[PDB]
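Participant: experimental structure and sequence below.
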There are 4 protein chains.
Amino acid sequence: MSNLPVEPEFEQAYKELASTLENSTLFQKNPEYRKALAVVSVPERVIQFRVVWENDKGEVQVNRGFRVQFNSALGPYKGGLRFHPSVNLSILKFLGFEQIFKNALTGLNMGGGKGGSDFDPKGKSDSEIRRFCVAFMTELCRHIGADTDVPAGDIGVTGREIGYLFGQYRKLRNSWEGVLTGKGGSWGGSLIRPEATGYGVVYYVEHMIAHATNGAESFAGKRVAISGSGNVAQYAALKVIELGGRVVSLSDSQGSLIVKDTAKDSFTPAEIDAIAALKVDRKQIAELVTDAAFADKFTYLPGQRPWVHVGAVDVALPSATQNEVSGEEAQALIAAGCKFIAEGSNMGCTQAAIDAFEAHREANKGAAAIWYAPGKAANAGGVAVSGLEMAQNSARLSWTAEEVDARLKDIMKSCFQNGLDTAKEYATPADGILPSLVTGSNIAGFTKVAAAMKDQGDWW
Amino acid sequence: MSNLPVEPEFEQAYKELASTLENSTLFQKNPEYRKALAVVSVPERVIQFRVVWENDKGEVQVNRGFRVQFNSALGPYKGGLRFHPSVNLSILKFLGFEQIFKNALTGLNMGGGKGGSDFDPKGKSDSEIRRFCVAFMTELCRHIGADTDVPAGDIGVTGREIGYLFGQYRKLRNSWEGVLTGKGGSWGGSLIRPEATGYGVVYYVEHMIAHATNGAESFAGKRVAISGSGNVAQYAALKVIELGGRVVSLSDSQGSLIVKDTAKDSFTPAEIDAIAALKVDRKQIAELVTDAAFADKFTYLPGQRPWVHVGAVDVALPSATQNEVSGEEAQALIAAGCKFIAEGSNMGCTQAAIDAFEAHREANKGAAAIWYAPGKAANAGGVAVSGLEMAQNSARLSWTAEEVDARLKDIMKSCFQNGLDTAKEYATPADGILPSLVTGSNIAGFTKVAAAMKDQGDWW
Amino acid sequence: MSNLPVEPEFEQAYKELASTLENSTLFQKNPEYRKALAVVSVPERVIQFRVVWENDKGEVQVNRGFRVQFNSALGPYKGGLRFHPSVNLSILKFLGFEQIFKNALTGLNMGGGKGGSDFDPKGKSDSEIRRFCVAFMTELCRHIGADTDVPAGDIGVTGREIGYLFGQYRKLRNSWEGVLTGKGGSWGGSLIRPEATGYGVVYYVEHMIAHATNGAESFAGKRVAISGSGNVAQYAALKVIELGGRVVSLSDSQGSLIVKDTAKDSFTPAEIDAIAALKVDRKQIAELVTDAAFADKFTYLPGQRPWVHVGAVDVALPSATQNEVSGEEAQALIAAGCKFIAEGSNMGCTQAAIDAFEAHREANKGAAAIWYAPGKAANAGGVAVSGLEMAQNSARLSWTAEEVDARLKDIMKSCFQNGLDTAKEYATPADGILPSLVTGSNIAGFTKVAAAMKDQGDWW
Amino acid sequence: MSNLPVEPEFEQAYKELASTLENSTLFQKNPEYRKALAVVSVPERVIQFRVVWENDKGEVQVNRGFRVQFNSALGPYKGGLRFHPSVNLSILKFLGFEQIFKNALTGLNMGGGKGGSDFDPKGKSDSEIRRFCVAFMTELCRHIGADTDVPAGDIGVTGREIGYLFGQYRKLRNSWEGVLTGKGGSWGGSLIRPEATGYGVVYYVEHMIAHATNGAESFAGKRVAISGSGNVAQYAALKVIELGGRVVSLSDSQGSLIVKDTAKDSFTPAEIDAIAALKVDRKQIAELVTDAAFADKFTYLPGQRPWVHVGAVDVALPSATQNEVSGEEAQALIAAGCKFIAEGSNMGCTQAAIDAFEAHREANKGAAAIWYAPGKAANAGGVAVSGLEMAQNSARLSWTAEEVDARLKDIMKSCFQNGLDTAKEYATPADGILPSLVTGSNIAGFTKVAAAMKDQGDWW
């Protein structure tokens, strides 16, 4: 086994999934699925190519491009593209593995997969981005198609990158098919989709707190621990503020925007839009918080996570990146008086932190228990709108806003019902104790994907 | 002409169609279409390949696979797959020839064609079926495409076979297109279709009896001579019994399930479901009828068709296979007091039997005439739902049950009107005598297909 | 098994081969190969399409086109095209089955297969042939390629047909590859091939008589029973007379050109060229016998095969078609005193005739035994030249005549040695009795093709 | 950023090449090439797929398959396939990187690359190997083409594996092309394929001993410490014995085979054939020692390398594995009085061992001076013959033994001439201090491949 490379993130995801699948009743009823666990983990195809482009000064730059087509039991490969200098095979493997069950759990077509490169859009001109995208799509075009691969956007691939990539794909394939997602008016995309990711994340945040109180309490007198900046965080803030939700955290990556007067003062939507605009301009908070209005609205404590100075937060909502909540930070969250760890990223909670949360929740019988929130259960939404975008791209027509948001908010609800009805009593007995949601979602996705693979002859 | 091979079933079908087209006012008005009759009868492409698979004991097995793409004037080739040890080129040619006008008559745009193999799923393990499907799909996938060929199911190809075939096609083509019909939740199919065969069959059975009485008499106080033990019999029974439809026949293949008390006692739906379950378990009516409830409900007379012991049947519904009603059995039907020969399969009535039925009907002026019922004039619901399944496969979305059964029951009705309005006075003078249906249906299909071929330049 | 169609010629060939392989030491040593006999007899692909063309009067004509890709264990599919009104699937199946072992025995890197149509070039204008070729090439070009199918010429497909077919293939494929054989200066073909049809025939005729006498007697004082007219029969005749070869038979199909003075008078080569020219002009041997220069040479007896009036022929050379030597005619040959039945066609000897020849040869111990000559053991000269033509088409260059006829006559000799050495004591004990040639040839082909299929994983 | 994974063997290869290119005159003259070093080191396409096959007991087995297409500057990607339960991305990357300059140095028009899986052919039946090959070729066909990818054989992929893979490729693509290397004589003939590489290392050693001693030493009366069993080691032994040398080592993974009488004792060619026969069955050489002839001539050394126990040995040829010559073993070779260390595999010597060998190379001017010979410099010829098969596959022909042997002789001679021509220009030879050979080889390959990439626009 030592011959196989070690991928820490992917390995941790597999360990978590195996642990949750083991302590369950689906395994005992159908032991065959254990053999399925052998075939899900191996990606169906992993492609790693070399991208050679020309920078502004006229020099040759060489980067690596990855496309991890993990599983296509349920539909065509559907995953994003991440242009981040930290991208390698482990990260994309883990993200695609999560994507398979994210697309299965929320009752969609489309399979898993994830693409990207170690390209860094930071500090690059427009021409440099254009040249890299043109070179990247040449190497990638051989492996994507309207039914083969539909790459999407992620951290790094904004509207501009997706535009360049579509232009080159149309150049050298002479096709004009619905092969990428994230387009718009001048590429023939769909509404909501460019802002779907934040849409979906905030949808799941509000839904997760509503089900956290079981609908017995809106955000009245509730402090929210939003994380991140720019996209996702902006929409989360603007739809959390609506129900009197006291916003007390928008730590982008190092600078924590925590209100000095945690009791009364809260953020305003125009301020959040300014924050998003500043993040668009590739800048830290800095001049944002140093402005007089922002200076009097919230205090700045850079270099520490908001978990140190939560100011008795009501809901913990980490949404920056993976492993954004450490063990000591998780214990600080628990002691502060939080019963809802509504993490809004992929593996944003440290494995030790998740273990501590589970132990405390099973040791906190009653409404005053820390309810967990696994990443793949939340977020989504963007994937659904990307699916709708490809669906209307197939139809050679553009759906209206009412039609699109009626397709959504009517789907994903049946999918929530499916997830909760699968997690009715199977696994995590919850005999008087709060149930587990990781054990509510892992099996809820795994059963469907394993069924799909078994019914096609993938594993027997 | 002796150089051309002799196909008995295909030749019989061609003789029947030519005879009905000859005695028509379409022929005399447009003699050109005679030469069209030369071009329809030649299939556009017939592919016969060799399938080499490995059985359970580790031996090599060699079978033959056929794909008869007959005609695509109206749309892509659309036809089922039949895995039956009696399959050869004649059977598939005849079935595809019927399929062309079945798809033309009922307003569907898809073309004709039919596939299959001499494989026998009886007595084969799951692994044997899987292996054969994988080999078959390789050899066949060379010649199919989402717009080229969309194979469907038939006698032999259940959900499992279609699942295996789709899995292999997705393997070696890297596509995931809507290239086969008969999928479901774990392959991305459609609703209604898994029950479409029985759905459409019983729809047409009730339609044909309703048109038989012209709405004057529902199934109240009527004995129905259902045949077979497939969906064609199952749903037929379930939705004939609703209108007081006394059931007096469920002969699977040799064992006639005829009620001992033909006057009062009838079948029950739970018993029909039990028969379904045991047929799924690859068992005949044996061990069903022997049960006490089934013993007191109906008597068993194996080795004879139910026509000898109809018990004064009201409507005869032969639905087992081709040539299930012989001349003497047809005369027994006529003598018993049946005025509705409702053959619910393809070529289920023997040519001589059909001639006798027509001769008697033209000599039985009045409501007491034996009204005919050709196969392609019915049994189109399954085809319609398969078309809808392909249509929603193209759209990258899943229709609801209400949407699908609103598309149906609204189509096929305009198509029935089209057929009857085409056969209003065209041939068959019917001056006080009951008109013929085989004739009217033949012209109603042939005119549209010949028009399409003339308009595309196939024959001039 | 009755579901399988009955092919007379193919079944006869399969029976002959099975009987030959049964009475051998190969079966007993390796019983595994018996199961190989199940997989060879099923063609890998059989395609039958519909060809719709326009005749001179402006009417639509519909014909059938066949392409039987039988086996490709050894190389790409390599078979001819036959445009003859008697062409169906049985004939092409049998011809392709023979072709597989004809290409295996002669040490060639080419597979089997055979194509054709029921088109009749007789009585057709140039334009009619052109139009049919264009339509046929469209439908066929869907399923051929340089490494997929290389159709060749046969009875019906002259240089003109092959020219038209190449032109259309280059039109709609935009390729110009070596996809057909039988081209020339204006299509980029090869030398030797324009006369290869007669080249190979006469090569194998002279070689077979030389082996018949074992080199102990040239054609001095020998009467030859050549069959046919022109081309194959012509070039056969030209290099038989050279060794004082007395020619006493050039029966085209019904009119036997047998010399009145069988003792002294013989044919001349300008006369045979005239015969070939007249056959090119689509004229039988009628006016040719009327001329005094030909009238004083041979007597005309239409309606009988030349076996009735052999005039004590020395060597029998039936080369017209299949089953050209019947049982009674074979016994006439035996009574006349022929010890060399050198049939130069495929299945030219009737099964009963073959049995009688074998019985007499095993009952005629000594040099005065009727030595057999199977078709695939004969011919094969043109096959090699077509292979060389494809080989130099791959090389993008043209070989000289010396180069081509040095490649040949140096190959086919090692191949004859292979064929005879593989039949060295491999059954047919021949302990003082003349050995059998059908046995040797059949085993020598079958072992190589079965080895190739076993080594590629076709049968295990 | 350490986002790049760890590829230890690839790291050693790249470090060695960079160190060689630094300490030279190539970089100082042309500093441009420093960017070529960055561009060449990225594999340019890496495919990793998942292979799912059914074993003998009927269970699902999942493995990983790799294709590393490093460079196609000089020709289509050309590398082997290695089925061995230790194959991962690092191993195949390193092997492909070596192969690029191995194909560049010896004047070949093919590129780099390497494929394989962690399949373990040992302990599997024929059926299990067949099934795995079929699944592997199904998953691999999309990335394989005659002008795209021509995989070859290596440790694991014998004649049978190649046969199965070709057979599956032929039915999937419906094309017979020379896309794989190692095929049988009948189908894609391969002459002098096994024999090529074995004599190459001894040729290199004989040329170097001729040059080094100013023609004062020859291979007569020398001891050879060749290692490994089969292929290269066998033919190395045969060549040493044939010339007049004495073989004193045929060690393998488990133990060693040292002649008891080191002065006069060798291994007979019949004994070597027995070794080959037993190694075909994958059994250990230990039992081979237990044979009476071997028991009275050789002493087994289980779990120990022979190069410290043979004692005074003239020539060391560790052709078994990579990194099988340790630092302490290198100094043992120093003490043993070895004069020329040559590798039968890539990266035969440990980095420390290579350093010690090169440091001690400069001393002992004239004879002695154990002199490093990397794998690329010696191991060749077999790759050349593989290329020749591609040529023979392109021409649709089959070359004779004399032709292919003459081409191989010319190719090896040109390779040696060009390798030794660019010797002193970029490497420092001091004054009679035994100039380095690894440096010469590295520069001679890198200059040509960098030139090709610069001329095609890959790096500027």
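Facilitator: Looks like it arrived, so ask away. Numbers count the residues shown, from 1 in each chain, chains lettered A, B, ... in the order given.
Participant: so is stretch A:438-451 next to chain D?
Facilitator: No - no part of stretch A:438-451 sits close enough to chain D to count as contact by Cβ under 8 Å from any Cβ of the partner chain; the gap is at least 12.5 Å. Any C-beta I mention is one placed from the backbone N, CA and C, and that applies to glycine too.
Participant: can you name the residue of chain A nearest chain C?
Facilitator: Using Cβ to the nearest Cβ, the point where chain A gets nearest to chain C is residue A:174, with a distance of 15.7 Å.
Participant: against chain D, how distant is that residue?
Facilitator: Remark: distance between residue A:174 and chain D (Cβ to the nearest Cβ, to the nearest Å) = 21 Å.
Participant: list the contacts of residue A:249.
Facilitator: A:224, A:225, A:226, A:227, A:256, A:257, A:258, A:306, A:310, A:313, A:317 (Cβ atoms under 8 Å, 6 or more residues apart in numbering or on different chains).
Participant: equivalent analysis for residue A:127, please.
Facilitator: Taking Cβ under 8 Å, 6+ apart, one finds residue A:56 in contact with residue A:127.
Participant: I'd like to know how far it sits from chain B.
Facilitator: Applying Cβ to the nearest Cβ, one obtains 35 Å for the distance of residue A:127 from chain B.
Participant: relative to residue A:54, how far out is that residue?
Facilitator: Shown here: residue A:127 relative to residue A:54, a distance of 9 Å by Cβ to Cβ, to the nearest Å.
Participant: burial measure for residue A:460, as a count.
Facilitator: Here the number of neighbours of residue A:460 (other Cβ atoms under 10 Å in any protein chain shown) works out to 17.
Participant: do the same with residue A:197
Facilitator: The burial count assigned to residue A:197 is 25, neighbours taken as other Cβ under 10 Å.
Participant: pretty sure it sits against residue A:230.
Facilitator: No - between residue A:197 and residue A:230 there is no contact under Cβ atoms under 8 Å: 10.7 Å.
Participant: quick one: the strands in the stretch 151-300 of chain A, in order.
Facilitator: Defined through DSSP state E, counting those that start in this stretch, the strands belonging to the stretch 151-300 of chain A, from first to last, are A:223-224, A:246-247, A:257-258, A:299-300.
Participant: OK, contacts around residue A:151?
Facilitator: Contact analysis of residue A:151 by Cβ under 8 Å, 6+ apart lists A:67, A:79, A:80, A:81, A:115, A:140, A:144, A:165, A:179, A:180, A:181.
Participant: whoops, I mixed them up, residue A:79
Facilitator: A:68, A:70, A:95, A:96, A:99, A:112, A:113, A:114, A:115, A:151, A:152.
Participant: in terms of helices and strands, where is residue A:81?
Facilitator: With secondary structure defined by DSSP states H and E, residue A:81 is part of strand A:77-83.
Participant: what about that strand, distance to the chain center?
Facilitator: Its chain's C-alpha centre lies 12 Å from the corresponding centre of strand A:77-83 when counted by Cα atoms, centre = their mean, to the nearest Å.
Participant: and the next helix or strand past that strand?
Facilitator: Past strand A:77-83, further along toward the C-terminus, the next helix or strand under DSSP H and E is helix A:89-105.
Participant: close to chain B, is that following helix?
Facilitator: No - Helix A:89-105 lies out of reach of chain B by Cβ under 8 Å from any Cβ, never closer than 10.3 Å.
Participant: now do that helix: distance to the chain's middle.
Facilitator: In terms of Cα atoms, centre = their mean, the centre of helix A:89-105 is found 10 Å from the chain centre.
Participant: strands of the stretch 1-150 of chain A, residue ranges please.
Facilitator: Using DSSP E, counting those that start in this stretch, the strands of the stretch 1-150 of chain A run over A:45-54, A:60-69, A:77-83, A:114-117, A:149-153.
Participant: would you confirm that residue A:159 contacts residue A:184?
Facilitator: Yes - checked against Cβ under 8 Å, the pair residue A:159 and residue A:184 is within contact range at 6.7 Å.
Participant: between these two, which contacts overlap?
Facilitator: Counting by Cβ under 8 Å, 6+ apart, the common neighbours of residue A:159 and residue A:184 are residue A:194.
Participant: burial count for the nearest residue to residue A:251 once chain neighbours are set aside?
Facilitator: Nearest non-adjacent residue to residue A:251, counting by Cβ to Cβ, 6 or more residues apart in numbering or on different chains: residue A:306, 4.9 Å away. Other residues near residue A:306 come to 23 when the count uses other Cβ under 10 Å.
Participant: now do the contacts for residue A:306.
Facilitator: By Cβ under 8 Å, 6+ apart, the contact set of residue A:306 is A:225, A:227, A:248, A:249, A:251, A:256, A:258.
Participant: what secondary structure does it sit in?
Facilitator: What DSSP: H, G, I helix; E, B strand; the rest coil gives for residue A:306 is coil.
Participant: may I see the buried residues of stretch A:420-433?
Facilitator: Of the residues in stretch A:420-433, those scored as buried under the neighbour-count criterion (16 or more other Cβ atoms under 10 Å in any protein chain shown) are A:422, A:423, A:426, A:427, A:428.
Participant: the first one touches residue A:444, doesn't it?
Facilitator: Read it as residue A:422. Yes - the criterion here is Cβ under 8 Å, and residue A:422 meets it with residue A:444 at 4.1 Å.
Participant: ok, so what distance separates residue A:227 from residue A:16?
Facilitator: With the distance defined as Cβ to Cβ, residue A:227 ends up 21 Å from residue A:16.
Participant: the two: which has the busier surroundings?
Facilitator: Here residue A:227 and residue A:16 are set side by side on neighbour count (other Cβ under 10 Å), and the busier one is residue A:227, at 28 against 16.
Participant: identify the bridge partners of the more buried one.
Facilitator: Under the criterion DSSP bridges, residue A:227 forms beta bridges with residue A:251.
Participant: list the contacts for it?
Facilitator: Neighbouring residues of residue A:227 by Cβ under 8 Å, 6+ apart: A:233, A:249, A:250, A:251, A:306, A:317, A:318, A:319, A:320, A:324, A:344.
Participant: how deep is the last one tucked in, by neighbour count?
Facilitator: In other words, residue A:344. Around residue A:344 there are 27 other residues, counting by other Cβ under 10 Å.
Participant: helix/strand/coil for it?
Facilitator: coil.
Participant: spatially nearest residue to it (excluding sequence neighbours)?
Facilitator: Nearest-residue entry for residue A:344: residue A:319, 3.6 Å, with adjacent residues in sequence omitted and distances by Cβ to Cβ, 6+ apart.
Participant: which ones are touching that neighbour?
Facilitator: When the contact criterion is Cβ under 8 Å, 6+ apart, the partners of residue A:319 are A:201, A:226, A:227, A:228, A:232, A:233, A:236, A:343, A:344, A:345, A:348.
Participant: how about residue A:447?
Facilitator: Applying Cβ under 8 Å, 6+ apart to residue A:447 gives the contacts A:26, A:33, A:422.
Participant: now render those residues as JSON lines, adding distance to chain B.
Facilitator: Output for the contacts of residue A:447, formatted as JSON lines (distance: Cβ to the nearest Cβ, whole Å):
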{"residue": "A:26", "distance to chain B": "16"}
{"residue": "A:33", "distance to chain B": "14"}
{"residue": "A:422", "distance to chain B": "14"}
